[PDB]
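For reference, the chain that follows is the form deposited in one PDB entry, supplied as structure tokens.
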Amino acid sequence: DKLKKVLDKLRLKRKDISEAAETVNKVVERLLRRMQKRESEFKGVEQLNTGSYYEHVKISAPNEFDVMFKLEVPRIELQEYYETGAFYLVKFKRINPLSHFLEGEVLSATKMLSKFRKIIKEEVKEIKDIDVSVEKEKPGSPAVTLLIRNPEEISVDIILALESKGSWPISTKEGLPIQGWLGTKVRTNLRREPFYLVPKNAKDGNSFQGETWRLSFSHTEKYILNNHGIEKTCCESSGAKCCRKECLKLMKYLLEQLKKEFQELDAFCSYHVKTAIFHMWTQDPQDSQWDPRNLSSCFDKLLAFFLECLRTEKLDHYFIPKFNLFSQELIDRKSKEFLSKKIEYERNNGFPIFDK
């Protein structure tokens, strides 16, 4: 009940969806068209809509959209970066529009993102009917973020991605453990889909900085979010409703509200909660462990699980098991203890941050 009313506050309004999507699609369509001009290295690039808005778990307002501009790259050869499992160098053994980004067979990610960025910036400059500008580059982002003032503020991340149709890198062999939940045929079919590489684009001063790419499974996450049940009819017009997505929304909202107040939580991001709930859905595969009538305890058990991840410094990437998103290397112990105490506080005082 208390959580039904939060979900009501979190629910997007069709009026807002409608106006936000009309502008967002106008801009994206025009950027996609510019990428296909004859002399553009990005000709043939294709659009893939991803992220919470297209998974139907975007909360509060429709003000942040994510879209991949993906470019098929055949004859690709990968070299894992330092056994990290998620980061790779991308080699061409064959010698191509991607000429100008090569560095002796090694494909520079920052060179290709820069040219991509400049093209977008020019196309945005020629837009005169909507108030849209290109956000200052953020280190660690693979995105070119548009800031739209459809009066209200809207963010669109244009994510540059390489598309490889070969089999997935062996670092994922043990990843995606959906056999007991969505099953082996789903897993086999999912792993026949392409995998994606986006720029790491850190400026950490480490070797190979501007040539490191990072695996992306947004496409696979979108499928899972929209086909999330062990029963084929879960949340369908002739099936039973589950509360899997509602739990994701509540958890997203807890992290959003806290991050809004506390800059101690800057290392945390919504993908951490998304990852945590993929493990909980794997742990509790049956749709009856996500009955809408048990939203309270379903939310509670996800918090307990997240808390255990924080305290034990262990949140395995769902697709790359050997990659710990909560290792010391990425997030301070003190950053994790701070969030634990804040989560424990909300959990045991009626979630006062939901009332803000």
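Heads up, when I say rigid core I mean the largest set of C-alphas that superpose within 1.5 Å between the two forms. Residue numbers run from 1 along the displayed sequence.
Chemist: Do a third or more of the other compared PDB entries fail to give coordinates for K252?
Modeler: In none of the comparable entries (those modelling both sides of it) is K252 left without coordinates.
Chemist: What about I95, is it left unmodelled in a third or more of the other PDB entries we looked at?
Modeler: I95: unmodelled in a third or more of the comparison entries.
Chemist: Between residues given as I95 and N96, how many of the deposited sequence are not built: none, 1 to 3, 4 to 9, or 10 or more?
Modeler: The entry has 1 to 3 unmodelled residues between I95 and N96.
Chemist: As stated in the PDB record, which stretch has the larger average Cα B-factor, 219-227 or 115-123?
Modeler: Per the PDB record, 115-123.
Chemist: Mean C-alpha B-factor higher for 169-177, or for 141-149?
Modeler: Higher mean C-alpha B-factor: 141-149.
Chemist: Between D316, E41, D66, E55, which carries the biggest CA temperature factor in the record?
Modeler: If I rank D316, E41, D66, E55 by C-alpha B-factor, first place goes to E41.
Chemist: Please pick out which of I130, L250, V186, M280 has the largest Cα B-factor as recorded in the entry.
Modeler: Most elevated C-alpha B-factor of the set, per the entry: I130.
Chemist: Considering only modelled residues of the same chain, in which third does the CA B-factor of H100 rank: lowest, middle or highest?
Modeler: Its C-alpha B-factor belongs to the highest third of this chain's values.
Chemist: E77: which third of its chain by C-alpha temperature factor?
Modeler: Tercile = highest for this residue's CA B-factor.
Chemist: Lowest, middle or highest third: which one holds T84 when the chain's residues are ordered by CA B-factor from the entry?
Modeler: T84: CA B-factor falls in the middle third of its chain.
Chemist: Mind checking which third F208 falls in for C-alpha B-factor across the chain?
Modeler: Highest third - that is where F208 ends up once the chain's C-alpha B-factors are sorted.
Chemist: Split into thirds by Cα B-factor across the chain's modelled residues, where does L71 land: lowest, middle or highest?
Modeler: Middle third by C-alpha B-factor.
Only in words, not in the display: the form deposited in another entry, which the text now covers.
Chemist: Considering only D204, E236, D266, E174, which residue exhibits a C-alpha shift of no less than 2 Å between this form and the one not shown, with the rigid core used for superposition?
Modeler: Between the two forms, the residue that moves is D204.
Chemist: Compared with this form, is the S207-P74 Cα separation smaller or larger in the other form, the difference being 3 Å or more?
Modeler: Note: Cα gap between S207 and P74 widens in the other form.
Chemist: Comparing against this form, do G85 and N201 have their CA atoms pulled together or pushed apart in the other form? The difference is 3 Å or more.
Modeler: It is closer: in the other form, the C-alpha atoms of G85 and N201 lie at least 3 Å nearer than they do here.
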